[PDB]
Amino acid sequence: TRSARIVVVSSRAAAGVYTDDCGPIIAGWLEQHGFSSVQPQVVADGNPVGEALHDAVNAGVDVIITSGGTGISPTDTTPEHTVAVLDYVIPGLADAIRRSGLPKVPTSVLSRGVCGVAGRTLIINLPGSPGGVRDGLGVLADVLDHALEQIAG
């Protein structure tokens, strides 16, 4: 637990014509867990996602947290770009993040987020909504320290 990036995926927000409410949530939670102070990078759907992830992995960050672009809309390609960068996926973590918001938000099941490892960087896809983000960070909090420990040895 020490270094991280945040990538918020929204073409409108990235163009500066829309609010990013998810990024600040992630930044605050990271501050509570031994990182600090990370500022959101807001990028458009598509190639800019690949570009941000490769850049962050090649920086050797411990953790990348993404928000948005995981649904089933024409333009949601975050999972594809993430899988491309990943060495492998962590299915149980992605499933638990989906189930976290479920009670509750039944459409949770439509988020196609993955999590995985690339090099020694842990990557987490979260949904593009403030509640889905907070619920998924709650899931991550139960396992982050262990996950980072394991990746390091």
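The first residue of the sequence shown is number 1, and the count goes up from there.
Just going by the entry, 32-40 versus 114-122 on mean CA temperature factor gives the higher value to 32-40.
For the pair 41-49 and 102-110, the mean Cα B-factor is higher in 102-110. Per the deposited record, the Cα B-factor of residue 6 falls in the lowest third when ranked against the other modelled residues of its chain.
Residue 75: CA B factor lies in the highest third for its chain, per the PDB record. Placement of the Cα temperature factor of residue 86 within the chain: middle third of the modelled residues, per the deposited record.
Annotation for residue 60: CA B-factor lies in the highest third of the chain's modelled residues.
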